[PDB]
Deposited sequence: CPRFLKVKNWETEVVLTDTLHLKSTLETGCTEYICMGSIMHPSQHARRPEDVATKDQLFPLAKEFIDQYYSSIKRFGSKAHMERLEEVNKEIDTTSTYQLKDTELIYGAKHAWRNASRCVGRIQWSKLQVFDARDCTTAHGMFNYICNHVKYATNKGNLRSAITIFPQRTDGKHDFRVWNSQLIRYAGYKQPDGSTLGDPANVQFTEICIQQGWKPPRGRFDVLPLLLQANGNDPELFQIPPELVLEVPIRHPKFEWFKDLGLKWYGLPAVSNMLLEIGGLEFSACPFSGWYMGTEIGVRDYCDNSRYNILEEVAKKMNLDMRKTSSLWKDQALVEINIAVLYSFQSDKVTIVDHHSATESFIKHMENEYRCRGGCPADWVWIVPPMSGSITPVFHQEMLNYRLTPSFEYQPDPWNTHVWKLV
């Protein structure tokens, strides 16, 4: 069986055979599409783990042209031994690297996947304490930041065992700014992080109470209560935002951090669950300029920018929001480029994704892709992905969402 996808701007048609390899739910049914649901909705038994592990080992030995080899059969046998005796198993280094890259390659919501095979994998499965996690994460940040010449990386902590000894980074990203609700109902800093800021303050963090306080790391090892650590400031690269034409823009006092690093997701490889696996790349400009700065629930600077632009803010149909949004996004890109911090604009990024997508169809039989997430949050139809049909399905290895740790952790102190 085959499925065709068409680009309505170029008329190119690609043929997806890879979707036959999926085996997890999309959330949709034959009569309902849930393609726009954010999350369409504790450990595997021995019998469940066996075929998951086999499927992965089979896929890895196939990836390296060794399917059916004596080394393939011996690995299968070895894995079955571990599951039988210990109810789990341990990946080889080569399998871990392969699995981490393919979770990225399989990430249907990610437009930056042309880069998937250039991922630096840091094996942290020997870590046992939150201090050790802090060390590993500092090394990751320093390596990935590379003085502005950003390099993709992931650090992988010990896999889940019984579910009572999970490793977790409680932060949603490694570097994010604090948010403080004020008595008058206003918000200082990032409104998205108000809740996590409260948790930190409660654990003993002394907040500077400013607009751009880098949050501390809150790190949990082996199921223990999480612990606070301050990332050394010299490892946090930041970019002050200015505009190439509006000299007043710098007077907004805006800045952002250079390294985007998701730390709250779960990496599944061969049925094993890596609940702490922070990974980092580099920014597409609209992530900061459209969402981070201009979401109503975020920094929400459209009004102030539009005021300084003297826009007619009485009618929506003046498109003052649209005009201000573009300029903010110009500033963001000009600022990172001036400081020689890696960043990609949404036009360049989506153009590379189409080339990546077509290469994937040729060499792999397809490329699962989430149009709802791939299309940038501004100027959608002037990017090539808008006109690109895409098929969404779930391949494993994969990155998965997981409950926030403060909703499931049971505390131990006092």
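- Unmodelled segments of the deposited chain, in sequence order: 1-2, 44-50.
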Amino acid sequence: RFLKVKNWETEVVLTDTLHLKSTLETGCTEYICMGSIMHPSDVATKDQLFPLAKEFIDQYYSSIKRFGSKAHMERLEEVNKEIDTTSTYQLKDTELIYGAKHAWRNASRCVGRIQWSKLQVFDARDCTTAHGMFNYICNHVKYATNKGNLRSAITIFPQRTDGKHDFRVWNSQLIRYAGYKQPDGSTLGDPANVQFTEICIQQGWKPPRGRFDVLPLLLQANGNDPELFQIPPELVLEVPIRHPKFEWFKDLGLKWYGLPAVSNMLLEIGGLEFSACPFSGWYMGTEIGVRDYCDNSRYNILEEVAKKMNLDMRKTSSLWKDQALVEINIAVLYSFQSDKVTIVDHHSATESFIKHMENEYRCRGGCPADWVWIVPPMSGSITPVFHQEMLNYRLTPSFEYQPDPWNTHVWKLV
From here on, numbers count along this sequence of modelled residues.
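For clarity, a rigid core is taken as the largest C-alpha set superposing within 1.5 Å between two forms.
- Farther from the shown form on average, by C-alpha root mean square after a core fit in 8 other deposited structures of this protein, is 284-292, of the stretches 284-292 and 82-90.
- Annotation: of the segments 328-336 and 298-306, 298-306 departs further from this form in 8 other deposited structures of this protein (C-alpha atoms, root mean square over structures and residues, core superposition).
- Note: missing coordinates for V372 occur in none of the other compared entries bracketing this position, so the one-third threshold is not reached.
- Omission of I57 is seen in none of the other entries compared for this protein where the adjacent residues are built, far below a third.
- Per the PDB record, of the two stretches 198-206 and 273-281, 198-206 carries the greater mean B-factor over its C-alpha atoms.
- Averaged over CA atoms, B-factors in the entry run higher in 404-412 than in the other of 404-412 and 4-12.
- The PDB entry gives the largest Cα B-factor of the residues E227, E268, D184, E287 to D184.
- Within the listed group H346, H356, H39, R364, the record reports its top CA B-factor for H39.
- Looking at the C-alpha B-factors along this chain, the one for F246 belongs to the highest third.
- Among the modelled residues of the chain, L24 sits in the highest third by CA temperature factor in this PDB entry.
- Compared with the other modelled residues of the chain, the Cα B-factor recorded for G253 ranks in the highest third.
- Ranked within its chain, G163 lands in the highest third, by CA B factor from the PDB record.
- For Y98, the recorded CA temperature factor ranks within the lowest third of the chain's modelled residues.
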